[PDB]
């Protein structure tokens, strides 16, 4: 289509949102030039410009030098979660407005997401508590079934998303709680775990539940890339935990995967589905990786390690991600859940917040710089309150839906995310990037599967920083990174 620009609107915070409705939504180099996409606090939204690649460079300004031969992880991708709350919000819009929201995310005219996390039954971003097997003591799982949250809300929206998408989309599933008749405390929330011990009928049934969920989704012609072994297993170890959870120590998780979940999936028609362990705060690394992955019976089933961002302030990426990679380089690290406005003192939704967009890109760049292969936002959309949410655990979302007005707002988080998701396709590989002097920039460089280069530069300071990027193959890009800007640079080195 033609590029339609952002309709900006201010809500009194540091930047603007882009206004989208039933009929309007904003949407989207020759050798040897580069493309630059820029977003700024002042209001630019992924604006395209071009520049020449020079042969020479002189000066003592900041130089960032690509090391195309230092090769690191391959990227799996970027996306968000299709919760009950996200489905209810999107379906609240008229169908044309719904198409423009899905296109914003999934289409090539939008920012190209290729990952969708799907909860297995209810979480806090549900308006009802339920599992797929609520009939008590149904150990055979005869009464297992998907309710309308799945069959009328989530499943059809995931289908629209795959139809709009240019890139292959990977589905990732995670459970919050099991049926309560499987749990020590008999409740969806609170402190409690599976009854018994791995290897027994409870653990066997819980592993069969995963296969039943996959069978059920496959009947609706949806197939999964990966499942996690539990969302935030540490939560269910905490007294009074307020919403759906299921606690595992790392030993409990090791032995569940070894004796029940890994063999159950390996013996099912879904043996190709990857299993991710942890799915919890990175400060749990490297300890959890060492407990699970040094048992060869558990390690043979574990494809990767899922991390969440909520305690990153306590957990230096080098001592957590870097050290895990050093010990277990062949087990991919993947960021599976992030959102702002989740601390009890923070405002849930701050329409137009630039700070919250910068938190997203700063996290993404730091994760890429420490071997992480992908990054998943939480709810795809929320209402202006940051809900619905059965326990009022409201948070922020890159897209806020205003149903009484059939309109949605794209926040700075949406664009900060798009500066990566749009321009780093599955298969791209991170390469070296070194700075000539101390600076306030955050930057990462990658190579696309066709060998072209992509560099994202975030300026977290208020000062404009002139800089040059050196590609030792090709030449020099002379540029400036304005204070509170994010830029993505692209060029063919072919």
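Positions refer to the first chain, counted from 1.
Where coordinates are absent for parts of the deposited sequence, a chain break appears; between neighbours residue 28 and residue 29 it spans 4 to 9 residues. As the entry records it, the average C-alpha temperature factor is higher for 165-173, out of 304-312 and 165-173. The deposited model assigns a higher average Cα B-factor to 30-38 than to the other stretch when 444-452 and 30-38 are compared. The entry assigns its greatest Cα B factor, within the set 141, 335, 120, 278, to 141. The entry assigns its greatest Cα B factor, within the set 242, 418, 136, 250, to 136. In the deposited entry, the Cα temperature factor of residue 259 sits in the middle third of values across the chain's modelled residues.
Looking at the C-alpha B-factors along this chain, the one for residue 407 belongs to the highest third. Ranked by C-alpha B-factor against the other modelled residues of its chain, residue 374 falls in the lowest third. Ranked within its chain, residue 16 lands in the middle third, by CA B factor from the PDB record.
Ranked by Cα temperature factor within the chain, residue 295 sits in the highest third according to the deposited record.
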